[PDB]
Each structure stands twice: as C-alpha cells, then as structure tokens.
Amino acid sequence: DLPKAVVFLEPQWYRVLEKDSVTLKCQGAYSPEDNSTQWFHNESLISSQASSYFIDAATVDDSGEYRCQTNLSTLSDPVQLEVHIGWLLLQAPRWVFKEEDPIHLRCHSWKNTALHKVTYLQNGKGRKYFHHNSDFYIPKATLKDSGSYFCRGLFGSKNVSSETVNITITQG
C-alpha cells in the first residue's frame, strides 16, 4: 500500500457541459521543503505546479484522464473528465460505486435553459420525479441500483431526454 495522492473535482461532476467551470484539487501532503504538485493529463506532464488546477471554461480538449502527485504522496489513480455538448446532460461524480455509498445524480441543462418536470430513469423505468429540476439522491447504494441511467425534462413544451450512462454497484 502506497500513500497515493487523490484528485477530486469541485464541483464533483466528472461529466460536464462545455463552458462549465471545473477545479481539480490534489489531496496530498505537502512538505515545506518541496510544496509543488505534478499534474498529468492523458498521461503527459503539464506545466501547472499548484495544488489546484483551474478550468474556467471547459472545452473538449480538457476532457481525458488526470493524475496528480506531491513530494509526500505517490502518483494518484486517474480521474476521468468528460466534456459534453448538448441541451441536456445527466451528471455524476463517477460511474462505479460500492454498496452503501451515496449516489448523487444531477440533470444539467445547457447554459440559460430552464427545465422542469424532470424524471430520472433506470433501465428505462422512472425512479424519481420532480416538478422543478432537482437532484437525485440515493444515500445507501444497493446492487439493484446498477443500470443504464438518463434524465428527461421539459424545455417549456419540448420533451428532451439526455444521453444514457451506465452505473455499476460493487460489493462493499
């Protein structure tokens, strides 16, 4: 077991729409002798050396895998970032969960596009409905939560469904 650094996303969504803001933060110890950070994008070292890596407006090139490292923490596992372009996007912090983990999904709309009467669906069957767009929570994840997920709502009178994404729940 190595003291692996960890990259986490603020906000937590690993699937984002173009122009969204994303800040990547490295969870790792920083010694006073060497307080720099090594960031990697698609396995390649990048120039930024700060503990945080800011993406003001995300573009498709910002997509890919990210890793970080510090003097006291070893190379982290990769974190995946997907930049989507479309009217509607189902968001999640990851697609692999363990039993009892919380599952927090969000139905995100293109910039300046209100959305209402939102439904989260699992394997084609609806799971939760909201008249006003709200997030979907599952505090305790179970093996039955695995499946293909997508959200659909109303842009006024236009009924729209987001692209699907597969979630998997593993043993705890």
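Counting begins at 1, following the sequence as shown.
Legend: mean Cα B-factor per stretch from the PDB entry, 138 to 146 versus 37 to 45; the higher mean is in 138 to 146. The mean C-alpha temperature factor is higher for 107 to 115 when 64 to 72 and 107 to 115 are set side by side. Sorting the modelled residues of the chain by their CA temperature factor places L121 in the middle third.
Residue-level temperature factors show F97 in the highest third of its chain, judged at the C-alpha atom. In this PDB entry, the Cα temperature factor of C151 sits in the top third of its chain's modelled residues, the highest group.
In the deposited entry, the Cα temperature factor of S161 sits in the middle third of values across the chain's modelled residues.
When all modelled residues of the chain are sorted by CA temperature factor, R15 is found within the lowest third.
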